[PDB]
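Peer 1: Structure file data-v9.cif (mmCIF, C-alpha atoms and all ligand atoms) right here:
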```cif
data_coords
loop_
_atom_site.label_atom_id
_atom_site.label_comp_id
_atom_site.auth_asym_id
_atom_site.auth_seq_id
_atom_site.Cartn_x
_atom_site.Cartn_y
_atom_site.Cartn_z
CA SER A 2 124.92 98.23 88.00
CA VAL A 3 123.29 99.88 91.00
CA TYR A 4 124.91 97.27 93.24
CA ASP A 5 128.40 98.08 91.96
CA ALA A 6 127.61 101.78 92.35
CA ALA A 7 126.52 101.24 95.95
CA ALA A 8 129.82 99.45 96.58
CA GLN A 9 131.62 102.70 95.75
CA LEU A 10 130.29 104.22 98.97
CA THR A 11 133.37 103.60 101.11
CA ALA A 12 133.75 104.36 104.82
CA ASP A 13 135.24 107.78 104.06
CA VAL A 14 132.51 108.65 101.55
CA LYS A 15 129.75 107.62 103.97
CA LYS A 16 131.33 109.75 106.69
CA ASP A 17 131.52 112.84 104.49
CA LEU A 18 127.89 112.36 103.45
CA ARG A 19 126.73 112.10 107.07
CA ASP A 20 128.77 115.07 108.28
CA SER A 21 127.59 117.38 105.51
CA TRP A 22 123.99 116.18 105.77
CA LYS A 23 123.94 117.12 109.44
CA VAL A 24 124.18 120.72 108.21
CA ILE A 25 122.25 120.80 104.93
CA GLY A 26 119.49 118.55 106.26
CA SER A 27 118.83 120.90 109.19
CA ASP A 28 116.83 123.27 106.97
CA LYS A 29 114.94 121.12 104.48
CA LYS A 30 112.60 123.88 103.29
CA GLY A 31 115.32 126.48 102.81
CA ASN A 32 117.98 124.27 101.23
CA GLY A 33 115.42 122.20 99.34
CA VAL A 34 114.08 125.26 97.53
CA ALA A 35 117.63 126.55 97.08
CA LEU A 36 118.57 123.32 95.28
CA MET A 37 115.57 123.51 92.95
CA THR A 38 115.89 127.21 92.13
CA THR A 39 119.58 126.71 91.35
CA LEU A 40 118.75 123.80 89.06
CA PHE A 41 116.27 125.96 87.15
CA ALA A 42 118.66 128.91 86.95
CA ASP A 43 121.69 126.98 85.67
CA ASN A 44 119.75 124.45 83.60
CA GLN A 45 116.73 126.30 82.25
CA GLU A 46 116.12 123.48 79.77
CA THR A 47 114.87 121.27 82.61
CA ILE A 48 112.02 123.60 83.62
CA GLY A 49 109.63 122.02 81.12
CA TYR A 50 109.65 118.76 83.08
CA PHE A 51 108.15 120.53 86.11
CA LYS A 52 104.96 121.78 84.46
CA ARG A 53 102.84 120.59 87.40
CA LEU A 54 104.56 123.02 89.78
CA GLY A 55 103.42 126.08 87.86
CA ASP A 56 105.59 129.20 87.78
CA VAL A 57 108.81 128.02 89.43
CA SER A 58 110.40 131.48 89.17
CA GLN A 59 108.27 132.41 92.18
CA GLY A 60 110.45 130.20 94.36
CA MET A 61 109.46 130.03 98.03
CA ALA A 62 106.18 131.82 97.27
CA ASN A 63 105.10 128.84 95.14
CA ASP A 64 103.22 126.40 97.38
CA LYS A 65 103.62 123.45 95.01
CA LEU A 66 107.35 124.09 94.58
CA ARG A 67 107.82 124.34 98.35
CA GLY A 68 105.97 121.08 98.98
CA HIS A 69 108.00 119.35 96.28
CA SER A 70 111.30 120.72 97.60
CA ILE A 71 110.64 119.63 101.18
CA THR A 72 109.66 116.16 99.96
CA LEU A 73 112.83 115.92 97.88
CA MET A 74 114.92 116.53 101.02
CA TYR A 75 113.18 113.62 102.73
CA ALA A 76 114.22 111.37 99.85
CA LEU A 77 117.83 112.39 100.48
CA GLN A 78 117.23 111.77 104.19
CA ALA A 79 116.06 108.26 103.29
CA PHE A 80 119.30 107.64 101.38
CA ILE A 81 121.51 108.75 104.27
CA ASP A 82 119.59 106.64 106.78
CA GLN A 83 120.12 103.54 104.61
CA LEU A 84 123.89 103.85 104.20
CA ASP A 85 124.57 101.03 106.69
CA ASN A 86 122.69 98.41 104.65
CA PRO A 87 123.36 98.37 100.87
CA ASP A 88 120.39 96.09 100.14
CA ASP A 89 117.99 98.57 101.73
CA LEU A 90 119.71 101.56 100.15
CA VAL A 91 119.25 99.91 96.76
CA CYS A 92 115.53 99.23 97.14
CA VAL A 93 114.91 102.83 98.23
CA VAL A 94 116.95 104.20 95.32
CA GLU A 95 115.07 102.03 92.83
CA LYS A 96 111.76 103.29 94.25
CA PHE A 97 112.69 106.90 93.51
CA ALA A 98 114.33 105.91 90.24
CA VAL A 99 110.95 104.68 89.01
CA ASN A 100 109.47 108.09 89.81
CA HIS A 101 111.90 109.58 87.31
CA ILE A 102 111.89 106.86 84.68
CA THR A 103 108.15 107.44 84.24
CA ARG A 104 108.96 111.14 83.80
CA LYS A 105 111.42 110.30 81.02
CA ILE A 106 114.45 111.51 82.99
CA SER A 107 117.74 109.96 81.84
CA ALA A 108 120.87 109.29 83.88
CA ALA A 109 122.60 112.21 82.16
CA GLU A 110 119.84 114.71 82.96
CA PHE A 111 119.48 113.45 86.53
CA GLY A 112 123.18 114.17 86.94
CA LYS A 113 122.49 117.86 86.34
CA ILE A 114 121.67 118.04 90.05
CA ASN A 115 125.39 117.77 90.85
CA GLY A 116 125.96 121.42 89.98
CA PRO A 117 123.25 122.71 92.37
CA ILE A 118 124.40 120.38 95.15
CA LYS A 119 127.98 121.62 94.85
CA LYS A 120 126.76 125.22 95.00
CA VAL A 121 124.49 124.67 98.00
CA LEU A 122 127.30 122.85 99.82
CA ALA A 123 129.79 125.62 99.02
CA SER A 124 127.44 128.25 100.43
CA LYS A 125 127.68 126.35 103.71
CA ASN A 126 131.48 126.11 103.55
CA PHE A 127 131.66 122.50 102.34
CA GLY A 128 134.06 122.19 99.41
CA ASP A 129 134.83 119.87 96.50
CA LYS A 130 135.59 117.00 98.89
CA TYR A 131 131.94 116.89 99.96
CA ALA A 132 130.60 117.65 96.49
CA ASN A 133 132.42 114.58 95.17
CA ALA A 134 131.02 112.42 97.97
CA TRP A 135 127.50 113.49 97.03
CA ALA A 136 128.23 112.88 93.35
CA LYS A 137 128.90 109.23 94.22
CA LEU A 138 125.55 108.94 95.99
CA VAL A 139 123.81 110.54 93.01
CA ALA A 140 125.68 108.01 90.84
CA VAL A 141 123.80 105.21 92.59
CA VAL A 142 120.50 106.67 91.40
CA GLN A 143 121.88 107.22 87.90
CA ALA A 144 122.80 103.54 87.69
CA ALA A 145 119.12 102.69 88.13
CA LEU A 146 117.82 105.02 85.42
CA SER B 2 89.80 123.20 103.83
CA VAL B 3 93.03 121.29 104.40
CA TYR B 4 94.39 124.32 106.25
CA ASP B 5 91.43 124.25 108.64
CA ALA B 6 91.91 120.54 109.31
CA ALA B 7 95.58 121.14 110.08
CA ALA B 8 95.12 124.31 112.13
CA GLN B 9 92.77 122.36 114.40
CA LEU B 10 95.45 119.90 115.53
CA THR B 11 95.81 120.76 119.22
CA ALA B 12 98.90 120.76 121.42
CA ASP B 13 97.79 117.56 123.15
CA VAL B 14 97.25 115.79 119.83
CA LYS B 15 100.62 116.93 118.52
CA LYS B 16 102.22 115.63 121.73
CA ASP B 17 100.63 112.19 121.35
CA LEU B 18 101.66 112.04 117.69
CA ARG B 19 105.26 112.96 118.48
CA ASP B 20 105.56 110.60 121.45
CA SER B 21 104.23 107.62 119.49
CA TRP B 22 106.28 108.47 116.39
CA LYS B 23 109.46 108.45 118.48
CA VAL B 24 108.83 104.73 118.79
CA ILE B 25 107.06 103.65 115.61
CA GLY B 26 109.27 105.84 113.48
CA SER B 27 112.47 104.40 114.96
CA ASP B 28 112.14 101.23 112.87
CA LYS B 29 110.85 102.44 109.52
CA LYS B 30 111.61 99.22 107.64
CA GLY B 31 110.02 96.97 110.23
CA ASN B 32 106.93 99.03 111.03
CA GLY B 33 106.50 100.22 107.47
CA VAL B 34 106.26 96.68 106.15
CA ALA B 35 104.01 95.74 109.06
CA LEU B 36 101.63 98.56 108.14
CA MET B 37 101.44 97.50 104.50
CA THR B 38 101.06 93.78 105.21
CA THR B 39 98.32 94.51 107.74
CA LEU B 40 96.49 96.60 105.15
CA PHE B 41 96.59 93.73 102.64
CA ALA B 42 95.54 91.21 105.28
CA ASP B 43 92.49 93.11 106.52
CA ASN B 44 91.56 94.86 103.28
CA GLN B 45 92.29 92.36 100.52
CA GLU B 46 90.35 94.51 98.05
CA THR B 47 93.26 96.97 98.01
CA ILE B 48 95.87 94.49 96.78
CA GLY B 49 95.08 95.18 93.13
CA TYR B 50 96.09 98.83 93.50
CA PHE B 51 99.67 97.77 94.25
CA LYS B 52 100.40 95.62 91.19
CA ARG B 53 103.67 97.50 90.57
CA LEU B 54 105.03 95.95 93.76
CA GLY B 55 104.55 92.39 92.49
CA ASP B 56 103.72 89.60 94.96
CA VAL B 57 103.11 91.49 98.20
CA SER B 58 102.63 88.21 100.09
CA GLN B 59 106.43 87.91 99.97
CA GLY B 60 106.65 90.57 102.68
CA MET B 61 110.13 91.76 103.66
CA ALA B 62 111.69 89.59 100.94
CA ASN B 63 109.95 91.64 98.24
CA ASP B 64 112.41 94.46 97.54
CA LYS B 65 109.79 96.63 95.81
CA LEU B 66 107.45 96.30 98.79
CA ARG B 67 110.32 97.00 101.18
CA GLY B 68 111.35 100.10 99.23
CA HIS B 69 107.77 101.36 99.10
CA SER B 70 107.20 100.70 102.81
CA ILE B 71 110.34 102.53 103.90
CA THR B 72 109.52 105.53 101.70
CA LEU B 73 105.97 105.63 103.08
CA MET B 74 107.37 106.05 106.58
CA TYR B 75 109.34 109.09 105.41
CA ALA B 76 106.12 110.70 104.18
CA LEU B 77 104.82 110.28 107.72
CA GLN B 78 108.13 111.65 108.99
CA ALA B 79 107.54 114.74 106.85
CA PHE B 80 104.09 115.21 108.38
CA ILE B 81 105.34 114.90 111.96
CA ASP B 82 108.22 117.33 111.38
CA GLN B 83 105.84 120.00 110.05
CA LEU B 84 103.25 119.87 112.85
CA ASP B 85 104.08 123.32 114.24
CA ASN B 86 103.68 125.14 110.92
CA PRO B 87 100.29 124.49 109.25
CA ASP B 88 101.43 126.32 106.12
CA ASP B 89 104.23 123.81 105.55
CA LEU B 90 102.17 120.82 106.69
CA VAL B 91 99.54 121.74 104.11
CA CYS B 92 101.86 121.96 101.10
CA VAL B 93 103.43 118.62 102.00
CA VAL B 94 100.05 116.98 102.54
CA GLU B 95 98.80 118.30 99.18
CA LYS B 96 101.90 116.91 97.46
CA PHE B 97 101.24 113.38 98.70
CA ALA B 98 97.52 113.83 98.08
CA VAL B 99 98.20 114.30 94.37
CA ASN B 100 100.12 111.00 94.37
CA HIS B 101 96.92 109.28 95.46
CA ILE B 102 94.46 111.37 93.46
CA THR B 103 96.22 110.21 90.29
CA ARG B 104 95.66 106.61 91.39
CA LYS B 105 91.97 107.34 91.95
CA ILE B 106 92.19 106.77 95.71
CA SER B 107 89.18 108.32 97.47
CA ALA B 108 89.11 109.98 100.89
CA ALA B 109 87.15 107.00 102.23
CA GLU B 110 89.63 104.50 100.78
CA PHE B 111 92.59 106.42 102.18
CA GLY B 112 90.93 106.10 105.58
CA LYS B 113 91.38 102.34 105.42
CA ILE B 114 94.89 102.94 106.73
CA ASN B 115 93.48 103.76 110.18
CA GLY B 116 92.93 100.10 111.00
CA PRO B 117 96.55 99.06 110.32
CA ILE B 118 97.89 102.15 112.13
CA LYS B 119 95.80 101.24 115.17
CA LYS B 120 97.17 97.70 115.19
CA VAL B 121 100.80 98.76 114.74
CA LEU B 122 100.41 101.29 117.55
CA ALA B 123 98.90 98.58 119.74
CA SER B 124 101.90 96.32 119.12
CA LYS B 125 103.97 98.96 120.90
CA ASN B 126 101.35 99.46 123.62
CA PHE B 127 99.94 102.76 122.37
CA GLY B 128 96.20 102.70 123.06
CA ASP B 129 93.06 104.25 121.59
CA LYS B 130 94.09 107.77 122.63
CA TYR B 131 97.03 107.52 120.24
CA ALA B 132 95.00 105.80 117.52
CA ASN B 133 92.56 108.71 117.72
CA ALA B 134 95.39 111.22 117.37
CA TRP B 135 96.65 109.49 114.24
CA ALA B 136 93.15 109.36 112.77
CA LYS B 137 93.09 113.16 113.07
CA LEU B 138 96.33 113.44 111.12
CA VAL B 139 95.01 111.06 108.46
CA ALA B 140 91.91 113.26 108.32
CA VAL B 141 94.09 116.17 107.23
CA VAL B 142 95.07 114.19 104.15
CA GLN B 143 91.45 113.17 103.61
CA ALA B 144 90.51 116.86 103.47
CA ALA B 145 92.68 117.05 100.35
CA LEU B 146 91.10 114.04 98.62
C1 LIG A 201 119.13 114.81 94.25
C2 LIG A 201 118.35 114.27 93.18
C3 LIG A 201 116.96 114.19 93.14
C4 LIG A 201 116.12 113.60 94.04
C5 LIG A 201 116.52 112.87 95.32
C6 LIG A 201 114.78 113.68 93.50
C7 LIG A 201 113.61 113.31 94.20
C8 LIG A 201 112.30 113.45 93.68
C9 LIG A 201 111.09 113.09 94.38
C10 LIG A 201 111.02 112.45 95.76
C11 LIG A 201 110.05 113.38 93.56
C12 LIG A 201 108.57 113.13 93.75
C13 LIG A 201 108.14 111.81 93.13
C14 LIG A 201 106.65 111.74 92.90
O1 LIG A 201 105.89 111.98 93.86
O2 LIG A 201 106.23 111.44 91.76
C15 LIG A 201 110.60 113.92 92.33
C16 LIG A 201 109.82 114.33 91.24
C17 LIG A 201 110.35 114.76 90.02
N1 LIG A 201 111.69 114.83 89.73
FE1 LIG A 201 113.25 114.52 90.98
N2 LIG A 201 114.80 114.26 92.22
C18 LIG A 201 116.12 114.60 92.02
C19 LIG A 201 116.62 115.19 90.84
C20 LIG A 201 115.87 115.43 89.68
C21 LIG A 201 116.40 116.00 88.46
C22 LIG A 201 117.85 116.46 88.25
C23 LIG A 201 115.38 116.09 87.56
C24 LIG A 201 115.38 116.65 86.26
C25 LIG A 201 116.52 116.85 85.36
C26 LIG A 201 114.21 115.56 88.24
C27 LIG A 201 112.92 115.54 87.70
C28 LIG A 201 111.75 115.25 88.40
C29 LIG A 201 110.41 115.47 87.87
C30 LIG A 201 110.02 115.95 86.47
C31 LIG A 201 109.55 115.17 88.87
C32 LIG A 201 108.03 115.29 88.81
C33 LIG A 201 107.52 116.53 89.53
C34 LIG A 201 106.01 116.58 89.60
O3 LIG A 201 105.36 116.68 88.54
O4 LIG A 201 105.47 116.53 90.73
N3 LIG A 201 114.51 115.18 89.56
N4 LIG A 201 111.97 113.94 92.42
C1 LIG A 202 99.37 106.83 106.11
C2 LIG A 202 98.80 106.84 104.79
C3 LIG A 202 99.50 106.74 103.60
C4 LIG A 202 100.65 107.38 103.23
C5 LIG A 202 101.46 108.36 104.09
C6 LIG A 202 100.93 107.01 101.86
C7 LIG A 202 102.09 107.36 101.17
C8 LIG A 202 102.41 106.94 99.87
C9 LIG A 202 103.64 107.29 99.15
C10 LIG A 202 104.81 108.10 99.68
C11 LIG A 202 103.53 106.72 97.92
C12 LIG A 202 104.48 106.84 96.73
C13 LIG A 202 104.03 107.90 95.74
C14 LIG A 202 104.64 107.71 94.36
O1 LIG A 202 105.86 107.44 94.29
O2 LIG A 202 103.92 107.86 93.36
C15 LIG A 202 102.28 106.00 97.88
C16 LIG A 202 101.82 105.30 96.77
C17 LIG A 202 100.59 104.65 96.67
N1 LIG A 202 99.63 104.64 97.68
FE1 LIG A 202 99.77 105.40 99.53
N2 LIG A 202 99.93 106.17 101.38
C18 LIG A 202 99.05 105.97 102.44
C19 LIG A 202 97.85 105.24 102.39
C20 LIG A 202 97.35 104.59 101.24
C21 LIG A 202 96.13 103.82 101.18
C22 LIG A 202 95.23 103.53 102.38
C23 LIG A 202 95.98 103.38 99.88
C24 LIG A 202 94.96 102.63 99.27
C25 LIG A 202 93.84 102.00 99.92
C26 LIG A 202 97.14 103.89 99.16
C27 LIG A 202 97.38 103.64 97.80
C28 LIG A 202 98.56 103.96 97.12
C29 LIG A 202 98.88 103.50 95.78
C30 LIG A 202 98.01 102.64 94.87
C31 LIG A 202 100.13 103.91 95.50
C32 LIG A 202 100.94 103.56 94.25
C33 LIG A 202 101.96 102.46 94.52
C34 LIG A 202 102.88 102.23 93.34
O3 LIG A 202 102.39 101.79 92.28
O4 LIG A 202 104.09 102.50 93.48
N3 LIG A 202 97.97 104.59 99.99
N4 LIG A 202 101.59 106.15 99.08
#
```
So, in terms of structure tokens, how does the structure I just supplied come out?
Peer 2:
Amino acid sequence: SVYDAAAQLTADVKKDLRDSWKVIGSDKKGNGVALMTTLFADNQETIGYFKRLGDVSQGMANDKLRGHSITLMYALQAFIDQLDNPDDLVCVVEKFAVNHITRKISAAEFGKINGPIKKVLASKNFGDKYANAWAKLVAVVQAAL
Amino acid sequence: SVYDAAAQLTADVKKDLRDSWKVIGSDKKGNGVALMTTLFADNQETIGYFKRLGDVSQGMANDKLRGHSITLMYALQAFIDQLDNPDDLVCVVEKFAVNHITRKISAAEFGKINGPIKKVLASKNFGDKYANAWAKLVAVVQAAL
């Protein structure tokens, strides 16, 4: 249940998400591409899903990958901005969930983004505490897949 | 090209876009839904394209319409944030262009959004000067359709 998942976002979790986002969200192009390249490096079996982006190994030099990465960061921005109202958070999550359901992405495969997020956070000096907070937000999307 | 259309956006136009967005973008749920409902009210022929959203006459109550409307405002947020770097504005514009190309939305049809944008701007007392600035930004997307 996406509603039960959203209920797991306690005051402390919401605070950790906001505090860490203030840093990671400050460079959407840089961190967005970092997230994607890490996903492809640690989970090469997911590359096939991104056929439209072309050669993803080119990273930042790939115009389609850069546009996608920046856009992805705005989806995360949308989640953070909706933390105050669970009903609005849910409708935004379900919108993006549909984008992945049509792509045949399961809850388990979507969860593969947790590794990259933990690594990007760590590179900015945000440890397991923050990684776990983000895993709970990702869990809300998983509940809708 | 799309690059040419973006590189032409002048300092004065960027200023008007940013000043008006400070206001219209401060209530994404409210103004996003207003934009969509105005589109359906003045251009009833477009309703059929949004069948995935269900009964759009339900307005704010329709969670799918609310989710779509909020997310649409973040696409505009992405455009505004990239105004000073045409290279980044272009790759983001092309990303959202593909979303509409797949739905068979023509450049002319995309331009139907100008009416609703003008009305929403007017509700906040932003005149023709601002409506003209937004039409120029919309034209950047049209260059990609
Ligand atoms: C933090 C989690 C993630 C967020 C917020 C996110 C967000 C997005 C957004 C906003 C889009 C564009 C939707 C569209 O225009 O169609 C997208 C596309 C896509 N996503 Fe994700 N995504 C995430 C994780 C994943 C993961 C882990 C996978 C794969 C295992 C995945 C697979 C896809 C695919 C295949 C596309 C289509 C790309 C294309 O052809 O343009 N996403 N995602
Ligand atoms: C300011 C201009 C507009 C922006 C920024 C915009 C943005 C978006 C975004 C972000 C999506 C979601 C993409 C996806 O998840 O696949 C979308 C979907 C769509 N847009 Fe637009 N759009 C605009 C104008 C229009 C206009 C004027 C039309 C048609 C006359 C249109 C028709 C569509 C359709 C049919 C969809 C698919 C909805 C669905 O089934 O979920 N858009 N748009």
Peer 1: Please give the root-mean-square deviation of the Cα atoms once chain A has been least-squares fitted onto chain B, pairing every Cα in order.
Peer 2: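 The superposed chains show a C-alpha RMSD of 0.4 Å.
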Peer 1: With a distance threshold of 6 Å and counting all atoms listed in the file, extract the residues of chain B near chain A and express them as a PyMOL selection string.
Peer 2: chain B and resi 64+68+92-93
Peer 1: Just to be explicit: take each residue in the selection above, keep C-alpha atoms, and write the result as a PDB file, in the frame of the given file.
Peer 2:
```pdb
ATOM      1  CA  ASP B  64     112.410  94.460  97.540  1.00  0.00           C
ATOM      2  CA  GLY B  68     111.350 100.100  99.230  1.00  0.00           C
ATOM      3  CA  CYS B  92     101.860 121.960 101.100  1.00  0.00           C
ATOM      4  CA  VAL B  93     103.430 118.620 102.000  1.00  0.00           C
TER       5      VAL B  93
END
```
Peer 1: Give the residue list for ligand LIG 201 (chain A) at 7 Å, counting only C-alpha atoms and all ligand atoms, as a list in words, sorted by chain and then by residue number.
Peer 2: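 Within the 7 Å cut-off, the matching residues are residues 47, 50, 51, 52, 53, 54, 69, 72, 73, 74, 76, 77, 97, 100, 101, 104, 106, 110, 111, 112, 113, 114 and 139 of chain A; 97 and 100 of chain B.
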Peer 1: For a test of reading the model, state the distance in Å between atom CA of residue A:132 and atom CA of residue A:57, rounded to one decimal.
Peer 2: 25.1 Å
Peer 1: Record the distance separating atom CA of residue B:11 and atom CA of residue B:85, expressed in Å with one decimal.
Peer 2: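 It comes out at 10.0 Å.
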Peer 1: Choose the residue, out of B:144, B:7, B:12, B:98, that has the smallest atom-to-atom separation from ligand LIG 202 (chain A); count only C-alpha atoms and all ligand atoms.
Peer 2: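 When distances to ligand LIG 202 (chain A) are compared using only C-alpha atoms and all ligand atoms, the smallest one comes from B:98.
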Peer 1: What gap, in Å, lies between atom CA of residue A:15 and atom CA of residue A:137?
Peer 2: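 Result for atom CA of residue A:15 versus atom CA of residue A:137: 9.9 Å, one decimal.
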Peer 1: Which is closest to residue A:28 among A:105, A:130, A:16, A:125, if we use all atoms listed in the file?
Peer 2: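 For residue A:28, the nearest of the given residues is A:125.
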Peer 1: Hey, which of B:134, B:118, B:142, B:42 ends up closest to residue B:25? Count all atoms listed in the file.
Peer 2: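 Checking each of B:134, B:118, B:142, B:42 against residue B:25, counting all atoms listed in the file, the winner is B:118.
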Peer 1: Give me, as a PyMOL selection string, all polymer residues having an atom no more than 12 Å from residue B:124, counting all atoms listed in the file and skipping those fewer than 2 positions away in the same chain.
Peer 2: chain B and resi 21+24-25+32+35-36+117-122+126-128+132
Peer 1: With C-alpha atoms kept, could you save the residues just selected as a PDB file, in the frame of the given file?
Peer 2:
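Saved the output as result.pdb:
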```
ATOM      1  CA  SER B  21     104.230 107.620 119.490  1.00  0.00           C
ATOM      2  CA  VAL B  24     108.830 104.730 118.790  1.00  0.00           C
ATOM      3  CA  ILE B  25     107.060 103.650 115.610  1.00  0.00           C
ATOM      4  CA  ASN B  32     106.930  99.030 111.030  1.00  0.00           C
ATOM      5  CA  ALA B  35     104.010  95.740 109.060  1.00  0.00           C
ATOM      6  CA  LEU B  36     101.630  98.560 108.140  1.00  0.00           C
ATOM      7  CA  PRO B 117      96.550  99.060 110.320  1.00  0.00           C
ATOM      8  CA  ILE B 118      97.890 102.150 112.130  1.00  0.00           C
ATOM      9  CA  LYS B 119      95.800 101.240 115.170  1.00  0.00           C
ATOM     10  CA  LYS B 120      97.170  97.700 115.190  1.00  0.00           C
ATOM     11  CA  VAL B 121     100.800  98.760 114.740  1.00  0.00           C
ATOM     12  CA  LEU B 122     100.410 101.290 117.550  1.00  0.00           C
ATOM     13  CA  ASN B 126     101.350  99.460 123.620  1.00  0.00           C
ATOM     14  CA  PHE B 127      99.940 102.760 122.370  1.00  0.00           C
ATOM     15  CA  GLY B 128      96.200 102.700 123.060  1.00  0.00           C
ATOM     16  CA  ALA B 132      95.000 105.800 117.520  1.00  0.00           C
TER      17      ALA B 132
END
```
Peer 1: Considering all atoms listed in the file, state which residue in the set A:145, A:123, A:138, A:103 is at the smallest distance from ligand LIG 202 (chain A).
Peer 2: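 Comparing A:145, A:123, A:138, A:103 against ligand LIG 202 (chain A), the winner is A:103.
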Peer 1: Rank B:55, B:60, B:87, B:31 by their smallest atom-to-atom distance to ligand LIG 202 (chain A), using all atoms listed in the file, and report the top residue only.
Peer 2: B:55
Peer 1: Using only C-alpha atoms and all ligand atoms, find the one residue out of B:18, B:102, B:6, B:84 that sits nearest to ligand LIG 202 (chain A).
Peer 2: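 Counting only C-alpha atoms and all ligand atoms, the residue closest to ligand LIG 202 (chain A) is B:102.
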